[PDB]
Structures are given as structure tokens and as C-alpha cells.
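Colleague: Everything in the sequence shown is counted per the authors' numbering, starting at 580 for the first residue and increasing by one.
Ideal placement from N, C-alpha and C gives every residue a C-beta, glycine not left out.
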Amino acid sequence: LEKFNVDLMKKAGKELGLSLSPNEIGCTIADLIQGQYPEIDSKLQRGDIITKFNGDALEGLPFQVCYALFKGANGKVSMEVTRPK
Numbered sequence: 580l581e582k583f584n585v586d587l588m589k590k591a592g593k594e595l596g597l598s599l600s601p602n603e604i605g606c607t608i609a610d611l612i613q614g615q616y617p618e619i620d621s622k623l624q625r626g627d628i629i630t631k632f633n634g635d636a637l638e639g640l641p642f643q644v645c646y647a648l649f650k651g652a653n654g655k656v657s658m659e660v661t662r663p664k
């Protein structure tokens, strides 16, 4: 169980490219578009669990809310991630 951080500057017109799936402790990255952001291509992989987005703990929040927060991303983006086994 590795716990790390991802910080990036989102650019207008370029989506983070992450597809999400509900998880007990946050949002699982079910899929991602390689090449969107180097910070993502470098630190994230499918299966990674985002436990916090821009300082807000995602555990327990409805998946739909987590999705909305993700989609609302603008400017500086910060994520706390957990990578199983």
C-alpha cells in the first residue's frame, strides 16, 4: 500500500483524462488517457485510488459528488493517492 501525491496545473481545453469507479475509500482510476499530463503519466496507473481531491476527503462521499468535484477541476489540482499491492 503506497500512498503518494499528485499535483498538476490543469490547462483549459485539456481534460485530465481519468475515468473513475466507486471505491470504499475513494475513487478508483479505472482508466486513463496516456499523454494528457506528464504528472499523471509518471505517477498514476489504473487501479490507483484517489482518497482526497484538493484537500477534500472522498471516502464516504457519494460517487456522483466525487465525480462532480473531479470534473470541476480548474487551475491547480491536487490528489492524495493510494496504490494497492
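When the Cα atoms are used, what is the spatial distance from residue 672 to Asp620?
Modeller: Outside the displayed span of the chain (580 to 664) sits residue 672, for which this structure offers no information.
Colleague: Can you tell me whether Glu581 is helix, strand or coil according to DSSP?
Modeller: The answer is strand: DSSP assigns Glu581 an E or B state.
Colleague: If the criterion is Cβ atoms closer than 8 Å, does the pair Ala609 and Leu599 meet it?
Modeller: Cβ distance < 8 Å, so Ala609 and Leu599 count as in contact.
Colleague: Do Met588 and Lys655 have their CB atoms nearer than 8 Å?
Modeller: Contact flag set, yes.
Colleague: Report the residue from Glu603, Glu594 and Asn653 whose alpha carbon sits nearest the alpha carbon of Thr661.
Modeller: Selected option, being the one with the closest Cα: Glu603.
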